[PDB]
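Experimental structure and sequence below, a few questions after.
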Amino acid sequence: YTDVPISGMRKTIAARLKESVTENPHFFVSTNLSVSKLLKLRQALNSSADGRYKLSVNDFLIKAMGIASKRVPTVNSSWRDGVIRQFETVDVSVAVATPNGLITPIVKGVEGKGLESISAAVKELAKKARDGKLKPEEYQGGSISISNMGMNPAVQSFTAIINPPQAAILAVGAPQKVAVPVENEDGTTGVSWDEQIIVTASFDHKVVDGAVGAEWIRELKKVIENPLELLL
(Lines give C-alpha, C1' and ligand atoms only; values in the text may rest on other atoms or scores of the structure.)
Protein backbone atom coordinates (compact mmCIF):
# COMPACT_ATOMS: atom_id res chain seq x y z
CA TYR A 1 0.00 0.00 0.00
CA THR A 2 2.33 2.71 1.27
CA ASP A 3 5.60 2.40 -0.66
CA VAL A 4 8.09 4.88 0.81
CA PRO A 5 11.49 4.22 -0.82
CA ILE A 6 14.72 3.08 0.80
CA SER A 7 16.90 5.95 2.04
CA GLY A 8 20.00 4.67 0.23
CA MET A 9 21.95 4.81 3.46
CA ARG A 10 20.10 1.63 4.51
CA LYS A 11 21.31 -0.13 1.34
CA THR A 12 24.96 0.03 2.45
CA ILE A 13 24.11 -1.36 5.91
CA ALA A 14 22.02 -4.11 4.29
CA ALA A 15 24.92 -5.05 1.99
CA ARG A 16 27.31 -4.95 4.96
CA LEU A 17 25.11 -7.26 7.06
CA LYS A 18 24.81 -9.50 4.00
CA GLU A 19 28.64 -9.62 3.79
CA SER A 20 28.78 -10.42 7.51
CA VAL A 21 26.30 -13.30 7.40
CA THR A 22 27.69 -14.71 4.16
CA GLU A 23 31.40 -14.61 5.00
CA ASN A 24 31.24 -15.13 8.78
CA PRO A 25 29.82 -18.48 9.95
CA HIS A 26 28.41 -17.33 13.28
CA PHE A 27 28.00 -19.41 16.40
CA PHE A 28 26.53 -18.20 19.68
CA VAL A 29 27.67 -18.90 23.24
CA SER A 30 25.22 -17.95 26.01
CA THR A 31 25.85 -17.47 29.72
CA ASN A 32 24.22 -15.97 32.80
CA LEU A 33 26.28 -13.39 34.70
CA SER A 34 25.43 -12.66 38.33
CA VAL A 35 25.59 -8.90 38.88
CA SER A 36 24.45 -8.70 42.52
CA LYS A 37 27.97 -7.74 43.63
CA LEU A 38 28.56 -5.54 40.57
CA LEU A 39 25.47 -3.48 41.43
CA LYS A 40 26.69 -3.10 45.03
CA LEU A 41 30.12 -1.94 43.80
CA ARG A 42 28.46 0.51 41.40
CA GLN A 43 26.21 1.82 44.18
CA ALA A 44 29.20 2.34 46.49
CA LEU A 45 31.28 4.05 43.80
CA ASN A 46 28.34 6.30 42.87
CA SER A 47 27.57 7.18 46.50
CA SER A 48 31.22 8.05 47.19
CA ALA A 49 31.20 11.00 44.80
CA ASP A 50 30.30 14.68 44.59
CA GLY A 51 28.67 14.54 41.16
CA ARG A 52 32.01 14.11 39.39
CA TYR A 53 30.93 10.91 37.63
CA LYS A 54 28.03 8.50 37.18
CA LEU A 55 28.74 4.80 36.67
CA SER A 56 26.65 2.28 34.73
CA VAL A 57 26.78 -1.47 34.12
CA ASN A 58 28.15 -0.87 30.61
CA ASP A 59 31.38 0.55 32.08
CA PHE A 60 32.05 -2.64 34.05
CA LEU A 61 31.09 -4.69 30.99
CA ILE A 62 33.49 -2.79 28.71
CA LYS A 63 36.32 -3.11 31.26
CA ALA A 64 35.63 -6.83 31.70
CA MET A 65 35.60 -7.25 27.91
CA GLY A 66 39.01 -5.57 27.78
CA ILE A 67 40.36 -7.84 30.52
CA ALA A 68 38.95 -10.97 28.85
CA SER A 69 40.27 -9.98 25.41
CA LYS A 70 43.70 -9.36 26.93
CA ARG A 71 43.64 -12.78 28.62
CA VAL A 72 42.40 -14.60 25.48
CA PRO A 73 44.01 -12.72 22.55
CA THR A 74 42.61 -15.05 19.87
CA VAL A 75 39.18 -13.39 20.06
CA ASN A 76 40.81 -9.95 19.58
CA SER A 77 41.56 -10.56 15.91
CA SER A 78 40.14 -10.22 12.38
CA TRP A 79 40.33 -11.89 8.96
CA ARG A 80 42.49 -10.36 6.23
CA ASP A 81 44.28 -11.22 2.95
CA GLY A 82 45.51 -14.71 3.80
CA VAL A 83 46.46 -13.49 7.27
CA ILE A 84 45.07 -13.02 10.79
CA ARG A 85 45.52 -9.49 12.15
CA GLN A 86 45.98 -9.59 15.93
CA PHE A 87 45.92 -6.35 17.95
CA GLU A 88 47.33 -5.55 21.38
CA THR A 89 44.85 -2.98 22.69
CA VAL A 90 41.12 -3.61 23.04
CA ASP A 91 39.11 -1.02 21.07
CA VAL A 92 35.45 -1.49 21.98
CA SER A 93 32.70 -0.34 19.61
CA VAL A 94 29.55 0.61 21.54
CA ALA A 95 26.22 0.66 19.72
CA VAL A 96 24.21 3.88 20.12
CA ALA A 97 20.53 3.90 19.12
CA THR A 98 19.82 7.08 17.12
CA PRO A 99 16.56 7.83 15.22
CA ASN A 100 18.63 7.52 12.01
CA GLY A 101 19.39 3.88 12.84
CA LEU A 102 22.58 2.55 14.40
CA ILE A 103 26.12 3.84 14.89
CA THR A 104 29.12 2.32 16.70
CA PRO A 105 31.57 4.85 18.17
CA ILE A 106 34.79 3.33 19.48
CA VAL A 107 36.38 3.59 22.92
CA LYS A 108 40.11 3.24 22.28
CA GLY A 109 42.54 1.59 24.68
CA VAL A 110 40.06 0.00 27.07
CA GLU A 111 42.50 -2.00 29.20
CA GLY A 112 44.39 0.30 31.55
CA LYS A 113 42.06 3.28 31.09
CA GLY A 114 39.86 3.74 34.15
CA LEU A 115 36.13 3.52 34.75
CA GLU A 116 35.62 7.29 34.95
CA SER A 117 37.48 7.75 31.66
CA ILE A 118 35.36 5.00 30.08
CA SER A 119 32.14 6.62 31.38
CA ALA A 120 33.24 10.04 30.13
CA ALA A 121 34.15 8.72 26.67
CA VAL A 122 30.89 6.75 26.39
CA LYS A 123 28.83 9.81 27.39
CA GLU A 124 30.76 12.06 24.96
CA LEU A 125 30.34 9.63 22.05
CA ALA A 126 26.67 8.94 22.84
CA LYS A 127 25.69 12.62 23.01
CA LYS A 128 27.68 13.32 19.84
CA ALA A 129 25.91 10.38 18.18
CA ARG A 130 22.58 11.91 19.17
CA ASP A 131 23.71 15.27 17.74
CA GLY A 132 25.19 13.60 14.63
CA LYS A 133 28.67 15.16 14.79
CA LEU A 134 31.12 12.29 14.23
CA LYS A 135 34.34 11.82 12.24
CA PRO A 136 34.77 8.55 10.27
CA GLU A 137 37.82 7.65 12.38
CA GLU A 138 35.52 7.61 15.44
CA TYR A 139 33.20 4.87 14.12
CA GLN A 140 35.39 3.07 11.55
CA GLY A 141 37.63 0.47 13.15
CA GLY A 142 37.55 -1.34 16.48
CA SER A 143 38.44 -4.91 17.45
CA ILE A 144 35.29 -6.02 19.33
CA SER A 145 31.71 -4.78 19.70
CA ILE A 146 28.93 -4.79 22.30
CA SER A 147 25.17 -4.34 21.92
CA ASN A 148 23.27 -3.17 25.00
CA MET A 149 19.54 -3.64 25.60
CA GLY A 150 19.21 -3.25 29.36
CA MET A 151 16.82 -0.30 29.14
CA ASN A 152 14.18 -2.62 27.65
CA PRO A 153 13.01 -5.00 30.41
CA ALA A 154 11.29 -7.34 27.93
CA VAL A 155 14.46 -8.50 26.16
CA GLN A 156 15.61 -11.54 28.12
CA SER A 157 18.09 -12.60 25.43
CA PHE A 158 19.01 -11.61 21.89
CA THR A 159 21.70 -12.23 19.29
CA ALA A 160 23.61 -9.71 17.20
CA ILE A 161 25.33 -9.66 13.82
CA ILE A 162 29.11 -9.27 13.80
CA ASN A 163 30.30 -6.00 12.30
CA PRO A 164 32.96 -6.79 9.70
CA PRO A 165 35.88 -7.24 9.85
CA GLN A 166 35.69 -7.97 13.59
CA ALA A 167 35.55 -11.48 15.04
CA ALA A 168 33.06 -11.28 17.92
CA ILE A 169 30.11 -9.29 19.22
CA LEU A 170 28.49 -9.21 22.66
CA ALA A 171 24.75 -8.95 23.42
CA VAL A 172 23.46 -8.13 26.90
CA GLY A 173 19.87 -8.77 27.99
CA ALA A 174 17.71 -7.27 30.70
CA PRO A 175 18.35 -8.39 34.29
CA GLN A 176 15.86 -10.72 35.94
CA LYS A 177 15.42 -12.37 39.35
CA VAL A 178 16.48 -16.04 39.31
CA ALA A 179 16.08 -18.41 42.25
CA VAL A 180 19.51 -19.54 43.48
CA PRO A 181 20.09 -22.06 46.31
CA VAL A 182 21.74 -20.98 49.55
CA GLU A 183 22.86 -22.77 52.70
CA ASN A 184 21.84 -21.32 56.03
CA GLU A 185 24.00 -21.89 59.13
CA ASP A 186 22.20 -25.24 59.57
CA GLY A 187 22.13 -28.21 57.22
CA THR A 188 19.10 -27.34 55.10
CA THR A 189 19.06 -25.46 51.78
CA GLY A 190 17.15 -22.28 51.04
CA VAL A 191 15.94 -19.97 48.29
CA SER A 192 17.90 -16.81 47.55
CA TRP A 193 17.02 -14.34 44.79
CA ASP A 194 19.94 -13.44 42.52
CA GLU A 195 20.07 -10.75 39.84
CA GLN A 196 21.15 -12.49 36.63
CA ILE A 197 21.85 -11.14 33.14
CA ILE A 198 21.80 -13.31 30.01
CA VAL A 199 24.85 -12.55 27.87
CA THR A 200 25.13 -13.97 24.34
CA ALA A 201 28.44 -13.73 22.48
CA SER A 202 28.42 -14.32 18.72
CA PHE A 203 31.74 -15.54 17.32
CA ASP A 204 33.10 -16.10 13.82
CA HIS A 205 34.21 -19.70 13.38
CA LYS A 206 37.03 -18.88 10.95
CA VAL A 207 39.01 -17.20 13.76
CA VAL A 208 37.51 -18.37 17.07
CA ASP A 209 36.68 -21.97 17.87
CA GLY A 210 34.18 -23.14 20.47
CA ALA A 211 36.78 -23.85 23.15
CA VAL A 212 38.35 -20.41 22.66
CA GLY A 213 34.92 -18.77 22.88
CA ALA A 214 34.14 -20.80 26.00
CA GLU A 215 37.42 -19.70 27.61
CA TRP A 216 36.64 -16.06 26.74
CA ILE A 217 33.13 -16.43 28.21
CA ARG A 218 34.58 -18.09 31.34
CA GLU A 219 37.11 -15.31 31.91
CA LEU A 220 34.42 -12.66 31.34
CA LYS A 221 32.13 -14.44 33.82
CA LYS A 222 34.99 -14.68 36.35
CA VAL A 223 35.82 -10.96 36.11
CA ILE A 224 32.12 -10.02 36.31
CA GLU A 225 31.17 -12.29 39.23
CA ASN A 226 34.35 -11.31 41.14
CA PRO A 227 34.34 -7.50 40.78
CA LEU A 228 37.60 -7.05 42.71
CA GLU A 229 39.44 -8.64 39.77
CA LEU A 230 38.89 -5.46 37.73
CA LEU A 231 41.88 -4.01 39.60
CA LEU A 232 44.20 -6.66 38.14
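Sure, I can see it. Numbers count the residues shown, from 1 in each chain.

Name every strand pairing with the longest strand along the chain and say which way it goes.
Determined from DSSP state E, the single longest strand within the chain is strand 189-204. Its sheet considered, strand 189-204 pairs with strand 26-34 (antiparallel), strand 168-172 (antiparallel), strand 176-183 (antiparallel) by DSSP bridges.

what's the spacing between the residue nearest to residue 71 when sequence neighbours are not counted and residue 75?
The shortest distance from residue 71 to any non-neighbouring residue, by CB to CB, 6 or more residues apart in numbering, is to residue 219 (5.0 Å). Yep, even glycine has a C-beta here, placed from its N, CA and C like the rest. Residue 219 sits 10 Å away from residue 75, going by CB to CB, to the nearest Å.

shared neighbours of those two, which are they?
residue 68 (CB atoms under 8 Å, 6 or more residues apart in numbering).

So for these two, which residue has more residues nearby?
Comparing residue 219 with residue 75 by neighbour count (other CB atoms under 10 Å), the higher total belongs to residue 75, at 27 against 19.

how about that one, what does it touch?
By CB under 8 Å, 6+ apart, the contact list for residue 75 reads 68-69, 144, 167-168, 203, 207-208, 212-213, 216.

Using the three-state scheme, assign the most centrally placed residue in the chain.
The chain has residue 146 as the residue nearest its centroid, 3.0 Å off, counting by CA atoms, centre = their mean. Assigned by DSSP: H, G, I helix; E, B strand; the rest coil, the conformation of residue 146 is strand.

Tell me which residues touch it, please.
58, 61-62, 65, 92-95, 169-172.

with those residues in mind, which one is nearest to residue 125?
Among these, residue 94 lies closest to residue 125 (CB to CB), at 7.0 Å.

Bridging across strands, which residues link to that closest one?
residue 146.

quick one: it from residue 3, how far?
For residue 94, the distance to residue 3 (CB to CB) stands at 35 Å.

if you count what's nearby, which of those two comes out ahead?
Neighbours were counted for residue 94 and for residue 3 using other CB under 10 Å; residue 94 has more, 24 against 4.

quick one: contacts for residue 52?
Taking CB under 8 Å, 6+ apart as the definition, contacts of residue 52 comprise residue 116.

and with 10 Å instead?
116, 120 (CB atoms under 10 Å, 6 or more residues apart in numbering).

quick one: it from residue 116, how far?
To residue 116, residue 52 is 8 Å away according to CB to CB.

Residue 24 - how many residues pack around it?
22.

Could you measure from it over to residue 206?
Residue 24 is 7 Å from residue 206, by CB to CB.

How many neighbouring residues does residue 150 have?
Counted with other CB under 10 Å, the neighbours of residue 150 add up to 15.

Could you count how many residues lie near the closest residue to it other than its chain neighbours?
Computed as CB to CB, 6+ apart, the closest residue to residue 150 that is not its neighbour in sequence is residue 174, at 5.7 Å. Neighbour count for residue 174, taken as other CB under 10 Å: 16.

Adding distance to residue 191, write the contacts of residue 146 out as TSV.
As requested, the contacts of residue 146 are exported to TSV (distance: CB to CB, whole Å):
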residue	distance to residue 191
58	30
61	28
62	33
65	32
92	37
93	40
94	36
95	36
169	35
170	30
171	29
172	26
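
Name the nearest of those residues relative to residue 37.
The closest of these, once distances to residue 37 are taken by CB to CB, is residue 61, at 14.1 Å.

Surely that closest one is in contact with residue 148?
Yes - using CB atoms under 10 Å, residue 61 is in contact with residue 148, at 7.8 Å.

tell me, what's touching those two both at once?
94, 170, 172.
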